[PDB]
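Here is structure_12.txt, consisting of compact mmCIF, N, CA and C atoms:
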# COMPACT_ATOMS: atom_id res chain seq x y z
N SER A 1 132.95 -16.32 88.99
CA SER A 1 133.38 -15.30 87.98
C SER A 1 132.50 -15.36 86.73
N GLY A 2 132.11 -14.17 86.25
CA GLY A 2 131.27 -14.01 85.05
C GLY A 2 131.73 -12.77 84.32
N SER A 3 131.01 -12.40 83.28
CA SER A 3 131.33 -11.20 82.49
C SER A 3 130.55 -9.94 82.93
N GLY A 4 129.76 -10.05 84.00
CA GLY A 4 129.01 -8.92 84.57
C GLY A 4 127.52 -9.07 84.35
N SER A 5 126.72 -8.34 85.12
CA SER A 5 125.29 -8.43 84.96
C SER A 5 124.62 -7.13 85.40
N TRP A 6 123.77 -6.59 84.55
CA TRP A 6 122.95 -5.39 84.92
C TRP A 6 122.03 -5.66 86.14
N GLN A 7 121.59 -6.92 86.28
CA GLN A 7 120.91 -7.41 87.51
C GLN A 7 121.66 -7.10 88.85
N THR A 8 122.99 -7.05 88.80
CA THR A 8 123.87 -6.72 89.95
C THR A 8 123.60 -5.30 90.43
N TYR A 9 123.45 -4.37 89.48
CA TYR A 9 123.13 -3.01 89.83
C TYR A 9 121.69 -2.88 90.29
N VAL A 10 120.80 -3.72 89.76
CA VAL A 10 119.39 -3.68 90.19
C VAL A 10 119.32 -4.18 91.65
N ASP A 11 119.83 -5.38 91.92
CA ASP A 11 119.78 -5.91 93.29
C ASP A 11 120.63 -5.10 94.29
N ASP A 12 121.83 -4.66 93.91
CA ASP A 12 122.75 -4.07 94.90
C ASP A 12 122.70 -2.54 95.06
N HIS A 13 122.15 -1.84 94.08
CA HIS A 13 122.07 -0.38 94.18
C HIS A 13 120.66 0.18 94.16
N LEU A 14 119.68 -0.58 93.64
CA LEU A 14 118.27 -0.08 93.59
C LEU A 14 117.39 -0.76 94.60
N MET A 15 117.60 -2.05 94.80
CA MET A 15 116.76 -2.83 95.70
C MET A 15 117.32 -3.00 97.12
N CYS A 16 118.45 -2.36 97.41
CA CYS A 16 119.08 -2.39 98.74
C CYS A 16 118.28 -1.59 99.75
N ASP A 17 118.52 -1.87 101.02
CA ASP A 17 117.88 -1.10 102.08
C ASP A 17 118.42 0.33 102.03
N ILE A 18 117.52 1.27 102.29
CA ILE A 18 117.73 2.69 102.13
C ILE A 18 118.12 3.31 103.49
N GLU A 19 119.36 3.82 103.57
CA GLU A 19 119.85 4.68 104.68
C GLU A 19 119.55 4.22 106.10
N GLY A 20 119.63 2.92 106.36
CA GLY A 20 119.22 2.41 107.69
C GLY A 20 117.77 2.69 108.15
N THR A 21 116.84 2.82 107.21
CA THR A 21 115.40 2.82 107.53
C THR A 21 114.83 1.39 107.57
N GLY A 22 115.59 0.41 107.06
CA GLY A 22 115.09 -0.95 106.86
C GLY A 22 114.00 -1.05 105.80
N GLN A 23 113.94 -0.09 104.89
CA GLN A 23 112.89 -0.03 103.90
C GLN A 23 113.58 0.02 102.57
N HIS A 24 112.90 -0.50 101.54
CA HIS A 24 113.42 -0.48 100.20
C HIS A 24 112.32 -0.23 99.16
N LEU A 25 112.77 0.07 97.94
CA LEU A 25 111.86 0.18 96.80
C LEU A 25 111.09 -1.13 96.63
N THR A 26 109.86 -1.01 96.17
CA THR A 26 109.07 -2.20 95.87
C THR A 26 109.70 -2.95 94.66
N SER A 27 110.07 -2.18 93.65
CA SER A 27 110.67 -2.70 92.41
C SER A 27 111.54 -1.66 91.69
N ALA A 28 112.38 -2.18 90.79
CA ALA A 28 113.26 -1.32 90.03
C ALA A 28 113.71 -1.97 88.75
N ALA A 29 114.23 -1.15 87.84
CA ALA A 29 114.67 -1.67 86.56
C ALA A 29 115.62 -0.66 85.91
N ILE A 30 116.46 -1.19 85.04
CA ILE A 30 117.29 -0.39 84.12
C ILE A 30 116.90 -0.77 82.68
N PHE A 31 116.58 0.27 81.90
CA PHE A 31 116.24 0.18 80.47
C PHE A 31 117.29 0.92 79.66
N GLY A 32 117.53 0.48 78.41
CA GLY A 32 118.26 1.31 77.43
C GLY A 32 117.42 2.51 77.03
N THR A 33 118.06 3.59 76.59
CA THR A 33 117.32 4.76 76.12
C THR A 33 116.41 4.40 74.94
N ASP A 34 116.67 3.33 74.20
CA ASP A 34 115.70 2.81 73.20
C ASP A 34 114.46 2.03 73.70
N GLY A 35 114.36 1.79 75.00
CA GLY A 35 113.23 1.04 75.55
C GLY A 35 113.44 -0.44 75.77
N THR A 36 114.64 -0.95 75.50
CA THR A 36 114.96 -2.35 75.82
C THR A 36 115.25 -2.49 77.30
N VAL A 37 114.70 -3.50 77.95
CA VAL A 37 115.04 -3.75 79.33
C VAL A 37 116.44 -4.43 79.46
N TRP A 38 117.30 -3.87 80.32
CA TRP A 38 118.60 -4.49 80.62
C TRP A 38 118.49 -5.43 81.82
N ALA A 39 117.76 -5.01 82.86
CA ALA A 39 117.46 -5.87 84.00
C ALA A 39 116.27 -5.28 84.77
N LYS A 40 115.50 -6.12 85.43
CA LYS A 40 114.42 -5.64 86.29
C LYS A 40 114.33 -6.57 87.47
N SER A 41 113.87 -6.05 88.60
CA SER A 41 113.72 -6.83 89.83
C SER A 41 112.55 -7.78 89.71
N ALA A 42 112.54 -8.74 90.64
CA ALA A 42 111.56 -9.83 90.70
C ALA A 42 110.10 -9.35 90.67
N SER A 43 109.79 -8.20 91.29
CA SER A 43 108.41 -7.66 91.34
C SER A 43 108.13 -6.51 90.39
N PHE A 44 109.06 -6.17 89.52
CA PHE A 44 108.79 -5.06 88.62
C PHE A 44 107.54 -5.41 87.75
N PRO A 45 106.66 -4.41 87.45
CA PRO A 45 105.39 -4.69 86.76
C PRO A 45 105.54 -5.18 85.34
N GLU A 46 104.42 -5.67 84.79
CA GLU A 46 104.33 -6.18 83.42
C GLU A 46 104.10 -5.01 82.49
N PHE A 47 105.18 -4.33 82.18
CA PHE A 47 105.17 -3.16 81.33
C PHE A 47 105.00 -3.56 79.89
N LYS A 48 104.44 -2.65 79.10
CA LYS A 48 104.23 -2.92 77.70
C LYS A 48 104.94 -1.85 76.88
N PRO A 49 105.34 -2.20 75.64
CA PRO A 49 106.18 -1.27 74.91
C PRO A 49 105.66 0.16 74.75
N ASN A 50 104.34 0.33 74.62
CA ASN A 50 103.74 1.66 74.48
C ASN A 50 103.95 2.53 75.71
N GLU A 51 104.00 1.92 76.88
CA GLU A 51 104.23 2.65 78.12
C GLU A 51 105.67 3.19 78.20
N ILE A 52 106.61 2.37 77.76
CA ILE A 52 108.00 2.73 77.76
C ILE A 52 108.22 3.84 76.72
N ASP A 53 107.63 3.68 75.54
CA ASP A 53 107.70 4.69 74.48
C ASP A 53 107.14 6.04 74.93
N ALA A 54 106.07 6.01 75.73
CA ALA A 54 105.46 7.23 76.25
C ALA A 54 106.43 7.94 77.20
N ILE A 55 107.15 7.17 78.00
CA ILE A 55 108.20 7.66 78.88
C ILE A 55 109.40 8.20 78.10
N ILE A 56 109.79 7.52 77.03
CA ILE A 56 110.89 8.01 76.19
C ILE A 56 110.53 9.37 75.61
N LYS A 57 109.31 9.47 75.08
CA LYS A 57 108.76 10.73 74.56
C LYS A 57 108.81 11.88 75.57
N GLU A 58 108.41 11.59 76.80
CA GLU A 58 108.42 12.61 77.87
C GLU A 58 109.83 13.14 78.17
N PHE A 59 110.84 12.27 78.17
CA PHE A 59 112.22 12.73 78.30
C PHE A 59 112.67 13.61 77.12
N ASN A 60 112.21 13.27 75.91
CA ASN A 60 112.53 14.04 74.70
C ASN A 60 111.87 15.40 74.67
N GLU A 61 110.65 15.48 75.21
CA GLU A 61 109.96 16.75 75.33
C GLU A 61 108.95 16.65 76.46
N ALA A 62 109.29 17.26 77.60
CA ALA A 62 108.46 17.28 78.79
C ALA A 62 107.09 17.93 78.61
N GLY A 63 106.15 17.52 79.46
CA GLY A 63 104.79 18.06 79.44
C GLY A 63 103.79 17.38 78.52
N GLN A 64 104.17 16.24 77.96
CA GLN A 64 103.27 15.41 77.16
C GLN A 64 102.46 14.40 78.00
N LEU A 65 103.05 13.89 79.08
CA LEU A 65 102.47 12.78 79.85
C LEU A 65 101.42 13.24 80.83
N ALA A 66 101.62 14.40 81.44
CA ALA A 66 100.76 14.87 82.56
C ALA A 66 99.25 14.95 82.33
N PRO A 67 98.80 15.40 81.15
CA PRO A 67 97.33 15.42 80.91
C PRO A 67 96.65 14.04 80.93
N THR A 68 97.42 13.02 80.57
CA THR A 68 96.98 11.64 80.49
C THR A 68 97.33 10.87 81.77
N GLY A 69 98.51 11.13 82.32
CA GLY A 69 99.09 10.25 83.34
C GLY A 69 100.05 9.22 82.77
N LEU A 70 100.81 8.59 83.65
CA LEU A 70 101.86 7.67 83.28
C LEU A 70 101.38 6.25 83.55
N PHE A 71 101.25 5.47 82.49
CA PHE A 71 100.83 4.09 82.67
C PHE A 71 102.07 3.19 82.70
N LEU A 72 102.07 2.26 83.65
CA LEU A 72 103.07 1.18 83.70
C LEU A 72 102.47 -0.08 84.31
N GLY A 73 102.46 -1.18 83.57
CA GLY A 73 101.76 -2.42 83.99
C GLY A 73 100.26 -2.26 84.15
N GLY A 74 99.69 -1.33 83.37
CA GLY A 74 98.27 -0.99 83.48
C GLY A 74 97.91 0.01 84.58
N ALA A 75 98.81 0.21 85.56
CA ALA A 75 98.59 1.15 86.65
C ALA A 75 98.89 2.61 86.23
N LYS A 76 97.99 3.51 86.63
CA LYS A 76 98.05 4.94 86.30
C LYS A 76 98.68 5.77 87.42
N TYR A 77 99.80 6.42 87.14
CA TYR A 77 100.43 7.39 88.05
C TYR A 77 100.20 8.80 87.53
N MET A 78 99.86 9.71 88.45
CA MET A 78 99.73 11.12 88.09
C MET A 78 101.13 11.73 88.02
N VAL A 79 101.41 12.41 86.92
CA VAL A 79 102.74 13.01 86.74
C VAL A 79 102.90 14.21 87.66
N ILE A 80 104.00 14.25 88.42
CA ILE A 80 104.37 15.42 89.26
C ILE A 80 105.64 16.11 88.77
N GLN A 81 106.13 17.12 89.49
CA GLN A 81 107.26 17.89 89.05
C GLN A 81 108.54 17.08 88.85
N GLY A 82 109.08 17.15 87.64
CA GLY A 82 110.31 16.45 87.29
C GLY A 82 111.32 17.48 86.85
N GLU A 83 112.24 17.04 86.02
CA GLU A 83 113.32 17.88 85.51
C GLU A 83 113.47 17.52 84.04
N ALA A 84 113.26 18.49 83.14
CA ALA A 84 113.21 18.20 81.69
C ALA A 84 114.48 17.48 81.18
N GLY A 85 114.30 16.35 80.50
CA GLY A 85 115.43 15.50 80.00
C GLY A 85 116.23 14.71 81.03
N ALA A 86 115.79 14.76 82.30
CA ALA A 86 116.58 14.19 83.42
C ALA A 86 115.78 13.25 84.31
N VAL A 87 114.66 13.76 84.82
CA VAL A 87 113.84 13.02 85.80
C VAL A 87 112.32 13.17 85.52
N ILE A 88 111.62 12.05 85.61
CA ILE A 88 110.17 11.95 85.48
C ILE A 88 109.67 11.35 86.77
N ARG A 89 108.70 12.00 87.38
CA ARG A 89 108.13 11.53 88.65
C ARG A 89 106.63 11.35 88.56
N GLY A 90 106.14 10.31 89.23
CA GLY A 90 104.73 9.97 89.25
C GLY A 90 104.23 9.58 90.63
N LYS A 91 102.96 9.86 90.89
CA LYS A 91 102.31 9.60 92.18
C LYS A 91 101.02 8.76 92.08
N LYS A 92 100.90 7.80 92.98
CA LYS A 92 99.68 7.03 93.11
C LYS A 92 99.49 6.81 94.60
N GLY A 93 98.71 7.68 95.22
CA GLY A 93 98.49 7.60 96.64
C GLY A 93 99.79 7.86 97.35
N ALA A 94 100.08 7.04 98.35
CA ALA A 94 101.33 7.11 99.11
C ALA A 94 102.48 6.35 98.44
N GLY A 95 102.28 5.90 97.19
CA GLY A 95 103.33 5.30 96.38
C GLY A 95 103.66 6.18 95.18
N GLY A 96 104.55 5.69 94.35
CA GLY A 96 104.85 6.41 93.12
C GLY A 96 105.93 5.73 92.31
N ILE A 97 106.46 6.51 91.37
CA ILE A 97 107.48 6.10 90.49
C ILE A 97 108.47 7.25 90.27
N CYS A 98 109.74 6.89 90.09
CA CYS A 98 110.75 7.90 89.72
C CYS A 98 111.66 7.28 88.65
N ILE A 99 111.93 8.06 87.60
CA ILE A 99 112.68 7.62 86.44
C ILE A 99 113.76 8.62 86.15
N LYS A 100 114.99 8.15 86.03
CA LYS A 100 116.14 9.03 85.81
C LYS A 100 116.82 8.63 84.50
N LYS A 101 117.02 9.62 83.62
CA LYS A 101 117.65 9.39 82.35
C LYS A 101 119.16 9.64 82.46
N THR A 102 119.94 8.82 81.76
CA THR A 102 121.39 8.94 81.67
C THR A 102 121.70 9.04 80.18
N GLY A 103 122.96 8.94 79.79
CA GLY A 103 123.36 8.98 78.38
C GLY A 103 122.81 7.86 77.52
N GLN A 104 122.76 6.67 78.10
CA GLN A 104 122.48 5.40 77.39
C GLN A 104 121.33 4.61 78.08
N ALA A 105 120.85 5.07 79.24
CA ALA A 105 119.93 4.29 80.06
C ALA A 105 118.79 5.14 80.69
N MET A 106 117.83 4.43 81.24
CA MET A 106 116.81 4.99 82.09
C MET A 106 116.69 4.08 83.32
N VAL A 107 116.69 4.68 84.50
CA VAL A 107 116.68 3.94 85.78
C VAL A 107 115.33 4.19 86.39
N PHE A 108 114.61 3.10 86.68
CA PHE A 108 113.30 3.15 87.27
C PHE A 108 113.28 2.68 88.72
N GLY A 109 112.51 3.37 89.56
CA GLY A 109 112.21 2.95 90.96
C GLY A 109 110.74 3.11 91.26
N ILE A 110 110.13 2.10 91.88
CA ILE A 110 108.72 2.13 92.26
C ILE A 110 108.65 1.87 93.76
N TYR A 111 107.85 2.67 94.45
CA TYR A 111 107.83 2.65 95.92
C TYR A 111 106.40 2.76 96.44
N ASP A 112 106.27 2.37 97.71
CA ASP A 112 105.05 2.51 98.50
C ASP A 112 105.49 2.91 99.90
N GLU A 113 104.57 3.46 100.69
CA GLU A 113 104.83 3.74 102.13
C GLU A 113 105.46 2.55 102.90
N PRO A 114 106.38 2.81 103.84
CA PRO A 114 106.72 4.16 104.35
C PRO A 114 107.86 4.88 103.60
N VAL A 115 108.28 4.33 102.46
CA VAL A 115 109.26 4.98 101.60
C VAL A 115 108.67 6.32 101.11
N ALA A 116 109.40 7.39 101.37
CA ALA A 116 109.04 8.73 100.90
C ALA A 116 109.34 8.90 99.40
N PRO A 117 108.66 9.85 98.74
CA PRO A 117 109.05 10.20 97.36
C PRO A 117 110.55 10.59 97.17
N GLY A 118 111.05 11.47 98.04
CA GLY A 118 112.46 11.87 98.07
C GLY A 118 113.46 10.72 98.12
N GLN A 119 113.08 9.63 98.77
CA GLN A 119 113.95 8.45 98.93
C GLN A 119 114.05 7.61 97.66
N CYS A 120 112.94 7.51 96.93
CA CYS A 120 112.95 6.89 95.61
C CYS A 120 113.81 7.73 94.73
N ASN A 121 113.56 9.04 94.73
CA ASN A 121 114.32 9.99 93.92
C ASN A 121 115.81 9.82 94.21
N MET A 122 116.15 9.75 95.50
CA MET A 122 117.52 9.65 95.95
C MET A 122 118.21 8.38 95.45
N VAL A 123 117.52 7.23 95.51
CA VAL A 123 118.11 5.97 95.14
C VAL A 123 118.37 5.90 93.61
N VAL A 124 117.37 6.29 92.86
CA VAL A 124 117.43 6.22 91.42
C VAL A 124 118.44 7.26 90.88
N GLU A 125 118.42 8.47 91.44
CA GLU A 125 119.36 9.55 91.03
C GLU A 125 120.83 9.25 91.37
N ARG A 126 121.08 8.62 92.50
CA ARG A 126 122.44 8.23 92.84
C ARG A 126 123.00 7.18 91.85
N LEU A 127 122.21 6.16 91.49
CA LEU A 127 122.68 5.22 90.47
C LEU A 127 122.82 5.90 89.11
N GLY A 128 121.87 6.73 88.75
CA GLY A 128 121.91 7.38 87.45
C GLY A 128 123.14 8.28 87.33
N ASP A 129 123.50 8.97 88.41
CA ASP A 129 124.65 9.85 88.37
C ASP A 129 125.92 9.05 88.26
N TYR A 130 125.99 7.93 88.96
CA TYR A 130 127.13 7.06 88.81
C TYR A 130 127.32 6.58 87.35
N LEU A 131 126.24 6.18 86.69
CA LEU A 131 126.31 5.76 85.28
C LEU A 131 126.69 6.92 84.35
N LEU A 132 126.16 8.09 84.64
CA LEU A 132 126.59 9.31 83.95
C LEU A 132 128.08 9.60 84.11
N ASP A 133 128.60 9.49 85.33
CA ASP A 133 130.03 9.64 85.56
C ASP A 133 130.89 8.65 84.73
N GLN A 134 130.38 7.46 84.47
CA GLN A 134 131.08 6.46 83.62
C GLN A 134 130.85 6.63 82.10
N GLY A 135 130.22 7.72 81.66
CA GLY A 135 129.90 7.94 80.26
C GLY A 135 128.78 7.07 79.70
N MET A 136 127.89 6.63 80.58
CA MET A 136 126.70 5.89 80.20
C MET A 136 125.41 6.58 80.61
The structure in this file should be written as structure tokens.
Amino acid sequence: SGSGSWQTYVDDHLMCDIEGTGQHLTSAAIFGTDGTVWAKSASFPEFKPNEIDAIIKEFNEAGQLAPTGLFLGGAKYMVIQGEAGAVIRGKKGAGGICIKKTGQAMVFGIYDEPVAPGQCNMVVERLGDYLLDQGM
């Protein structure tokens, strides 16, 4: 028994096997809307505050990141179609990133083949909607 852990949602809802494919996200994390990390998986990249701030900016006003690309841990993802104030998506070859904004949080998923883009989107959006339903 403990008082709870954001790591529980990272391991059990983001890093779990996806729909009986036997495949999972490479890494995942939950951040506060201010850019503080609440929990991140064992392989999540070495992100730096400027990268998170750039992502916060993009949620506040879409179309800022795409001319430059999305940096996280030094790696460059090309920005693809998202949803203003809700979802930011990035591509790097057959991998990518998906970020879902909630009231109080941002949920990150990073994937590589054979995980499809839609599956990252699905995993991160399902957790984000659950947090939204709880007023977070």
Given the choices A:84, A:94, A:124, A:18, which gets closest to residue 108 (chain A) if the distance is worked out from all atoms listed in the file?
-> A:124
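Counting from atom N of residue 102 (chain A), the distance to atom C of residue 76 (chain A) is 22.2 Å.
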Neighbour list for residue 46 (chain A) as a PyMOL selection string, cut-off 6 Å, all atoms listed in the file, skip fewer than 2 positions in-chain | chain A and resi 44+48+72-74
Going by DSSP on the backbone, which bits of chain A are alpha helix (DSSP H)? Write them as number ranges by chain, please.
-> A: 6-9, 49-60, 117-133
Using all atoms listed in the file, which residue out of A:45, A:133, A:39, A:111 lies closest to residue 11 (chain A)?
-> A:39
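For the pair CA of residue 2 (chain A) and atom N of residue 109 (chain A), the separation is 26.0 Å.
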Smallest atom-to-atom distance to residue 106 (chain A): which of A:70, A:16, A:127, A:42, using only C-alpha atoms?
-> A:127
So, counting only C-alpha atoms, which residue among A:135, A:20, A:35, A:49 is closest to residue 103 (chain A)?
-> A:135
Point-to-point distance from atom C of residue 10 (chain A) to atom N of residue 38 (chain A), Å rounded to tenths |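 Separation between atom C of residue 10 (chain A) and atom N of residue 38 (chain A): 11.5 Å.
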Members of chain A assigned strand (DSSP E) by DSSP, as a PyMOL selection string | chain A and resi 27-32+37-40+70-72+75-83+87-92+95-101+105-111
Distance criterion (only C-alpha atoms): nearest to residue 105 (chain A) out of A:15, A:122, A:88, A:132 |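 Checking each of A:15, A:122, A:88, A:132 against residue 105 (chain A), counting only C-alpha atoms, the winner is A:132.
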Counting only C-alpha atoms, select every polymer residue within 12 Å of (115.7, 15.3, 86.8) as defined in the file's coordinates, and provide the selection as a PyMOL selection string.
-> chain A and resi 58-59+62+80-89+98-102+106-107+121-122+124-126+128-129
Would you mind listing what lies within 6 Å of residue 26 (chain A) as a ChimeraX atom specification, with all atoms listed in the file counted and same-chain residues fewer than 5 positions away left out?
-> /A:43,110-112
Is there a way to get, as a list in words, all residues within 6.5 Å of the point (104.9, 7.4, 97.8) in file coordinates, counting only N, CA and C atoms?
->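 Those within range, by chain then number, are residues 92, 93, 94, 95, 96, 111, 112, 113, 115, 116 and 117 of chain A.
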Looking at A:7, A:34, A:91, A:1, which one is nearest to residue 53 (chain A), with distances taken over only N, CA and C atoms?
->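 When distances to residue 53 (chain A) are compared using only N, CA and C atoms, the smallest one comes from A:34.
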Where atoms are lacking, region 36-56 of chain A completed to N, CA, C and O atoms, as a compact mmCIF listing (two decimals), keeping the file's coordinate frame:
# COMPACT_ATOMS: atom_id res chain seq x y z
N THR A 36 114.64 -0.95 75.50
CA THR A 36 114.96 -2.35 75.82
C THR A 36 115.25 -2.49 77.30
O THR A 36 115.99 -1.70 77.87
N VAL A 37 114.70 -3.50 77.95
CA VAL A 37 115.04 -3.75 79.33
C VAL A 37 116.44 -4.43 79.46
O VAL A 37 116.76 -5.40 78.75
N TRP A 38 117.30 -3.87 80.32
CA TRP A 38 118.60 -4.49 80.62
C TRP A 38 118.49 -5.43 81.82
O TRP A 38 119.07 -6.51 81.81
N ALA A 39 117.76 -5.01 82.86
CA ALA A 39 117.46 -5.87 84.00
C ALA A 39 116.27 -5.28 84.77
O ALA A 39 116.12 -4.07 84.85
N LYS A 40 115.50 -6.12 85.43
CA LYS A 40 114.42 -5.64 86.29
C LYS A 40 114.33 -6.57 87.47
O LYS A 40 114.66 -7.77 87.34
N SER A 41 113.87 -6.05 88.60
CA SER A 41 113.72 -6.83 89.83
C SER A 41 112.55 -7.78 89.71
O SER A 41 111.68 -7.62 88.83
N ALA A 42 112.54 -8.74 90.64
CA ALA A 42 111.56 -9.83 90.70
C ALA A 42 110.10 -9.35 90.67
O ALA A 42 109.27 -10.03 90.09
N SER A 43 109.79 -8.20 91.29
CA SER A 43 108.41 -7.66 91.34
C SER A 43 108.13 -6.51 90.39
O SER A 43 107.05 -5.93 90.43
N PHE A 44 109.06 -6.17 89.52
CA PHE A 44 108.79 -5.06 88.62
C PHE A 44 107.54 -5.41 87.75
O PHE A 44 107.35 -6.57 87.41
N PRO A 45 106.66 -4.41 87.45
CA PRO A 45 105.39 -4.69 86.76
C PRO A 45 105.54 -5.18 85.34
O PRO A 45 106.64 -5.06 84.75
N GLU A 46 104.42 -5.67 84.79
CA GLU A 46 104.33 -6.18 83.42
C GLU A 46 104.10 -5.01 82.49
O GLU A 46 102.97 -4.72 82.09
N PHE A 47 105.18 -4.33 82.18
CA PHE A 47 105.17 -3.16 81.33
C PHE A 47 105.00 -3.56 79.89
O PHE A 47 105.43 -4.65 79.47
N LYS A 48 104.44 -2.65 79.10
CA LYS A 48 104.23 -2.92 77.70
C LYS A 48 104.94 -1.85 76.88
O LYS A 48 105.18 -0.75 77.38
N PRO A 49 105.34 -2.20 75.64
CA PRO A 49 106.18 -1.27 74.91
C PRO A 49 105.66 0.16 74.75
O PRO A 49 106.47 1.09 74.78
N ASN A 50 104.34 0.33 74.62
CA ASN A 50 103.74 1.66 74.48
C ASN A 50 103.95 2.53 75.71
O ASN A 50 104.07 3.74 75.58
N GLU A 51 104.00 1.92 76.88
CA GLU A 51 104.23 2.65 78.12
C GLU A 51 105.67 3.19 78.20
O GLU A 51 105.92 4.33 78.68
N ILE A 52 106.61 2.37 77.76
CA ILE A 52 108.00 2.73 77.76
C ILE A 52 108.22 3.84 76.72
O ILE A 52 108.87 4.84 77.03
N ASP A 53 107.63 3.68 75.54
CA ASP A 53 107.70 4.69 74.48
C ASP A 53 107.14 6.04 74.93
O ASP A 53 107.65 7.10 74.52
N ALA A 54 106.07 6.01 75.73
CA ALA A 54 105.46 7.23 76.25
C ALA A 54 106.43 7.94 77.20
O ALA A 54 106.55 9.17 77.18
N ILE A 55 107.15 7.17 78.00
CA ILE A 55 108.20 7.66 78.88
C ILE A 55 109.40 8.20 78.10
O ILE A 55 109.93 9.25 78.46
N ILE A 56 109.79 7.52 77.03
CA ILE A 56 110.89 8.01 76.19
C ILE A 56 110.53 9.37 75.61
O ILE A 56 111.34 10.29 75.64
